[PDB]
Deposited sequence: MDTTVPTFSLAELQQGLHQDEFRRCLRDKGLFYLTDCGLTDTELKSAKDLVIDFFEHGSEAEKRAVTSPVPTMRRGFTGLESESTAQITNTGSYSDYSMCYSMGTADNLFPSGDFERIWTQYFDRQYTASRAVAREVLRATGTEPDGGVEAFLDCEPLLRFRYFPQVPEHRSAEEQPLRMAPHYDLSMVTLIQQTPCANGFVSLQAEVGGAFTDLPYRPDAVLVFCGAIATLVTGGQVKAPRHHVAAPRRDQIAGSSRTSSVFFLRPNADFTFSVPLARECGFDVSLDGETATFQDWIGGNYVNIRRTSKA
């Protein structure tokens, strides 16, 4: 009914709880994940450090880590405030920032890839071009400081020190110790041929890690149509780029 399991990554990789995992994937498309290299500690360390910067970083040094266009892709954004990162072109205040945040990013990127790898394994999915080339992709990490959507990611990881639709009701998703919250996104549904649900969710700090596909991730157009994707795509295969266009879009509303 409206419950959300915890899975241990380690157990999934050993091949335990495979029916339960497949059933969670198909019916809910969200779960908590443990034993994935993330603690709860390290969050603290990255959090306090960037929070000090938000609170006590000088306006002059905020400038040095602000992109010239206000996209929230890298560095600082003031609207509430955000700090964003990916695998390259980062903007680090540094001294020690780069160290703590490169580590926090990398562990989340490892955890995201390894859980996506298990989603693919559990569903018998081989992406066009292979699993590895699919998962060596374009992640985006956003950390922010102070309307229902689904994600266009493969998975999205959300760390806590939030509500989602489960079984037809929007439910709260409280903290579970040393567990991260995983939302499957629309690329999971797409890549698996419909075996994975992309749940709606929304709010009511935050750390959100999107495991986003490469521009050239390629999929079958008829199979996309079958899963519920309302594609306007001529011909039999397409890319991520063809579908979403030339700028990443991270989330989507159900049409009004």
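Stretches of the deposited sequence lacking C-alpha coordinates, numbered from 1: 1, 81 to 97, 165 to 180, 196 to 203, 247 to 258, 311.
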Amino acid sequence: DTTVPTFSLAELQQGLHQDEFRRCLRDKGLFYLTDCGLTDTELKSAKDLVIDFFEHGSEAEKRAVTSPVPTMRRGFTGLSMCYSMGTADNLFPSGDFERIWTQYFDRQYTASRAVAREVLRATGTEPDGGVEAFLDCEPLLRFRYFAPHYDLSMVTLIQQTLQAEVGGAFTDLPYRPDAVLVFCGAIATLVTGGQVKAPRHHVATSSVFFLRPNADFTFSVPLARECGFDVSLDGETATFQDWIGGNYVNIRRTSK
From here on, numbers count along this sequence of modelled residues.
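C-alpha atoms forming the largest set that superposes within 1.5 Å between two forms make up the rigid core.
In terms of root mean square C-alpha deviation after superposing on the rigid core in 6 other deposited structures of this protein, the stretch standing farther out between 12 to 20 and 229 to 237 is 229 to 237. Root-mean-square C-alpha deviation from the shown form, taken over all structures in 6 other deposited structures of this protein superposed by the rigid core, is larger for 173 to 181 than for the alternative among 173 to 181 and 82 to 90. When 94 to 102 is weighed against 111 to 119, 94 to 102 comes out higher, by mean CA B-factor as recorded in the entry. The PDB entry reports B-factors from which the mean C-alpha value can be compared for 40 to 48 and 191 to 199; the larger average falls on 40 to 48. Highest C-alpha temperature factor among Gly124, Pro127, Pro139, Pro174 per the entry: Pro174. Among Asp27, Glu61, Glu226, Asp230, the highest C-alpha B-factor recorded in the PDB entry belongs to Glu61. When the modelled residues of the chain are ordered by C-alpha B-factor, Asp178 sits in the highest third. In this PDB entry, the Cα temperature factor of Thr254 sits in the top third of its chain's modelled residues, the highest group.
The deposited CA B-factor of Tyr145 belongs to the highest third of values across its chain. In the deposited entry, the Cα temperature factor of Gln14 sits in the top third of values across the chain's modelled residues. When the modelled residues of the chain are ordered by C-alpha B-factor, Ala169 sits in the highest third.
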